[PDB]
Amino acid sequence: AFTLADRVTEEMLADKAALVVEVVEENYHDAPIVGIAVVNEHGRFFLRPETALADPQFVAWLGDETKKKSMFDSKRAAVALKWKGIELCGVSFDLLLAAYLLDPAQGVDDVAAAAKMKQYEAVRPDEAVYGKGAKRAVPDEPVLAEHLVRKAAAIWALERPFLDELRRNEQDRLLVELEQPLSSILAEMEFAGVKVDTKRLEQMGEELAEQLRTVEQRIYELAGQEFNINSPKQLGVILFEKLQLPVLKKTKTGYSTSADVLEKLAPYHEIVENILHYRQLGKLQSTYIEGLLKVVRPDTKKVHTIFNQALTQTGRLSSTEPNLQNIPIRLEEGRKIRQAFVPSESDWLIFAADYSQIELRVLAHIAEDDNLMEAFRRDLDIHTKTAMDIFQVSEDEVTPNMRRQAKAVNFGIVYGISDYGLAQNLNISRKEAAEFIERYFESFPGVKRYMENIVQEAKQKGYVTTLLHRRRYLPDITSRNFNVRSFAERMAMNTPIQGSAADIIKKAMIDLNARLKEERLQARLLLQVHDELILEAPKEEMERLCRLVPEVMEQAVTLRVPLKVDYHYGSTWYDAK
């Protein structure tokens, strides 16, 4: 049983408690808090939010760093409280992060899923209480209050066994010194938001919409017909049935119309280049112009992403609603979208710092490949050096095409090395890609050794680890299905690289946050994009930041090779280039 409390009392403010600050809306920014549960040594309590969040003693308890709280997904609550002007401190255990570190592949997304990991089932899944999608709703107080108290009681019961397993995994410091401090930094980042120049976006959208009508009309005059270009159904019967274009690859139901295939088809018909142009314009228009404008808060012209900290299998963050980690930059037309991301105050600038080749530097260090480490010690262009070695030529003999292919091997080697994906990527045969690999491994024998040894260790231990002891279990490494096994071997090779890079930038974020506060700087972290950090700061702080941010990022860990950080600043995200 539990107390359905009318007012806050002192026994609810013990210095240790499991706390539930329930925000049911998926996007928690400026979202309602529907209820609160506290379990401590004195009892189990449900508090209505409009009561507890108005009680200065409860608010003081929330904000006291010496009163320790155990929670599930504290960042959700922390941010929902930030929007009410209330500080959340003292969160010493986050069950969501603890479950994520113990096994990311469980997809642990609620308290019930995490409790099942320890044979605790006295709590319902959120989706069983709230419903799914359309039918989603907050239930009556008795049903809500029992759910929140069952979640708090589970967190209370589950902290010792999770912490015990984290300790056995040598992951206790990972949780307490990396992921939980990082949760607080991400909350500040999401709450700060990023300013959007919405007239610029709107003006871009009208230009795209003009160029989309023109290209659309050209596609119809080239097909002799009107049809929905956005549908691979109709597009396939225009291209491969009406126009008789060669079918270079079939999908499951019909024909494939990837940009992979269409570029091969361009010699045969003028329609193909126009379809490709239509698709690129439509992507910007749909995902990045209209998509962004839909999530901008009209009162502040800011977007407030949500960083999913417990989702990827490698330890990367992900970014939702909006995804600020896939804003275009490769092609110039779409890169202009970054002009609409601006500082949130006058006379501030955007500052962006990015690791140079962090994955291949981590691999140099992890593999202790003499040739790879020396390449980075000499600060070589790694793709050109790899080409010199694979093709056995001097620097001046590296053609652009050789460097492009050596680059593809290098991006392949970070992924699962297997040829078919390189052969597909380089539009070559398996037979030829295989010999690319063989010549790479003759040049970097320590990488070869590391790739053999890590697959062997994944089979022996059942998991691979990153630099800071993140793990990923790989049960498919023993499968007798060749596809399933190969996927697990590729993950065994990639995950210590991709995941160690993720560890490093997360530690840098923590180190950067500490330094900016020590230095009393107004600069604020806004975004992380896997290997870059994006800040905004007063114009008067740029010179100091040029020295500070790269140093902190470069010194986050000490590897057998240097870490290298490039950085740029400008009046928009675009100009920070």
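Throughout, we count residues from 1 along the sequence that is shown.
Of the two segments examined, 492 to 500 and 479 to 487, it is 479 to 487 that shows the higher average Cα temperature factor in the deposited entry.
Across the two stretches, 353 to 361 and 374 to 382, the PDB entry reports the greater mean Cα temperature factor for 374 to 382. Of the candidates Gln460, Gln119, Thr214, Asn323, the deposited coordinates give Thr214 the top C-alpha B factor. Out of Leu175, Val447, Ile417, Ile454, it is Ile417 whose C-alpha atom has the highest B-factor in the PDB entry. Sort the chain's modelled residues by C-alpha temperature factor and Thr466 lands in the middle third, per the entry. Sort the chain's modelled residues by C-alpha temperature factor and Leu53 lands in the highest third, per the entry. Residue-level temperature factors show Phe240 in the highest third of its chain, judged at the C-alpha atom. In the PDB entry, a CA B factor belonging to the highest third of its chain's modelled residues is recorded for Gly133. Looking at the C-alpha B-factors along this chain, the one for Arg520 belongs to the highest third.
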